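Visitor: The structure under discussion is supplied below as structure tokens; questions concerning it will follow.
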Ligand SMILES: CC(C)(COP(=O)(O)O)[C@@H](O)C(=O)NCCC(=O)NCCS
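In the deposited numbering, the protein residues as written are 7 to 84.
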């Protein structure tokens with residue numbers, strides 16, 4: 007079982023890989039809307055997290071909890 011800390015790093019790493027942004031633009035508290043993710047990729051992230059965590063999630067979960075910090079808190083604490 008991942009911690010919130012480990013999940014925040016998984017998500018920051020995913021944002022970086024998915025957008026090409028510099029590391030300094032991706033932080034735990036910035037609004038996810040500022041990352042320039044396509045909404046296809048935002049929905050794809052939910053599916054990847056489903057597999058990562060073994061649970062069912064809303065397709066739009068990352069907009070619903072719109073920071074890396076808030077999303078990790080919600081996924082680990084339900
Ligand atoms: C999340 C989303 C709705 C895409 O939303 P988005 O384009 O805002 O980024 C995607 O998962 C989906 O369900 N459909 C995208 C394309 C589609 O359904 N029809 C194409 C009409 S132009």
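Where is the CB? At the ideal position from N, CA and C, for every residue including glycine.
In this structure, does DSSP put residue 9 in helix, strand or coil?
Guide: coil
Visitor: Select from 10, 47, 39 and 9 the residue whose C-alpha is nearest the C-alpha of residue 20.
Guide: 47
Visitor: Using beta-carbon positions only, say whether residue 65 and residue 34 come within less than 7 Å of one another.
Guide: no
Visitor: At which residues does the alpha helix (DSSP H) containing residue 27 begin and terminate?
Guide: Counting along the chain, residue 27 falls outside any alpha helix (DSSP H), and DSSP gives it neither H nor E.
Visitor: By a C-beta neighbour count over all protein chains shown, 10 Å radius and 16 as the cutoff for buried, is residue 68 buried or exposed?
Guide: Buried, by the Cβ-count rule.
Visitor: Do the stretch 13-28 and the stretch 42-60 meet, that is, are 3 or more Cβ pairs less than 8 Å apart?
Guide: yes
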